[PDB]
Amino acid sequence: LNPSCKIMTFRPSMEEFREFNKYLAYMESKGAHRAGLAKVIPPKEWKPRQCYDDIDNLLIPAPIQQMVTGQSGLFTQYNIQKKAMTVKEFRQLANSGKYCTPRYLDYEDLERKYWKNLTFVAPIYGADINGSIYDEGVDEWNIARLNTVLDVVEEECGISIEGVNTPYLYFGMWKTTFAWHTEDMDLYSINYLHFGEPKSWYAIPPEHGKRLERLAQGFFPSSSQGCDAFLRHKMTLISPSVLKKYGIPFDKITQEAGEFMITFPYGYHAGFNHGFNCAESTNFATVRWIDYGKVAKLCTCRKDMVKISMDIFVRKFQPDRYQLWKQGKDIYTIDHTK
């Protein structure tokens, strides 16, 4: 049941691990989803790539420098496009004195340092590189093809998933931020940290998502007047000190190399990288998502955003509600625990 909605860590055996879709179902049966985020640590024998040495030669065609502005736990961010570089160049940049992780005592100490130094040197990341770095033939937890209900409708019904169910690579350095968001269409996400330094995550229970939104609206009124789903721009930073102060429940956890993090529908999350690293991610869905997708608040201020038609999912997996829904009389409030 997980009534504290705390972030759960799972440690499957090889036998439990083999089949992603079954294990996700297990995780939700233990209440993992209530926290909005969960960690899965695979068995020690499982290795998605034998050698990472080659990844040095990969090009980051569009690195981004993150420009953070604000104070006292509230910040807005904008991006500057830098020249293309290799991962090798990026790593060497990341480990230089200008950009390297500071000295610290423990993860709590480093967390304080992140929030206290956000507006000094601007860090650089590489994101949204199409690709997977799993070895060929690795069939467990293959982010390139998890084969969820998103793939079923794409392949069997010719519906466009708008590229969200394909794999992306991310290269972080110290202090790179991921601002507060839920996923496109409030889908699930999965993130595997291949190598390098840890990522720290914050998550807010889906049952408190609307409360985070109301608070963001209060503190970032101009951003809000501009877009009904502005947090989707991923440019809004809010510190845990502010969340505590205004009564928004949340939890944090640190993801180490070799660990998966899964985000759940409408689980607001954010975080920062500890240092040079490489991660791979994608979006996916289950039947339980369909109700969130149907009510997802979309970005109303630029046409280059992801919108997926929910018609097929309702027709196929909610046939008893389809007519009602097309009448615009399928009105409900989601029970996030169930």
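Throughout, we count residues from 1 along the sequence that is shown.
Item to complete: Please work out which of 303-311 and 277-285 has the higher mean CA B-factor as recorded in the PDB entry.
Response: The deposited B-factors put 303-311 ahead on the C-alpha mean.
Discussion item. Which is higher on mean Cα B factor in this entry, 41-49 or 268-276?
Written reply: Stretch with the higher mean C-alpha B-factor: 41-49.
Item to complete: Report the option among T182, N95, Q71, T148 whose CA atom has the maximum B-factor in the deposited record.
Response: Out of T182, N95, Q71, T148, the record gives the largest C-alpha B-factor to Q71.
Practice prompt. From the list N79, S222, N165, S189, select the residue with the highest C-alpha B factor recorded in the entry.
Written response: Going by the entry's C-alpha B-factors, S222 comes out highest.
Worksheet item: Based on the entry's values, in what third of the chain does the Cα temperature factor of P123 lie: lowest, middle or highest?
Response: Answer is lowest: the recorded C-alpha B-factor places it there.
Item to complete: Taking the values exactly as deposited, rank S241 by C-alpha B-factor within its chain and report the matching third: lowest, middle or highest.
Response: CA B-factor rank for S241: middle third.
Item to complete: Consider only the C-alpha atoms of the modelled residues in this chain, order them by B-factor as the entry records it, and name the third containing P61: lowest, middle or highest.
Response: Highest third - that is where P61 ends up once the chain's C-alpha B-factors are sorted.
Worksheet item: C-alpha B factor of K234, ranked within the chain: lowest, middle or highest third?
Response: Middle third, going by the recorded CA B-factors of the chain.
Worksheet item: Compared with the other modelled residues in the chain, in which third is the CA B-factor of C157?
Response: CA B-factor rank for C157: highest third.
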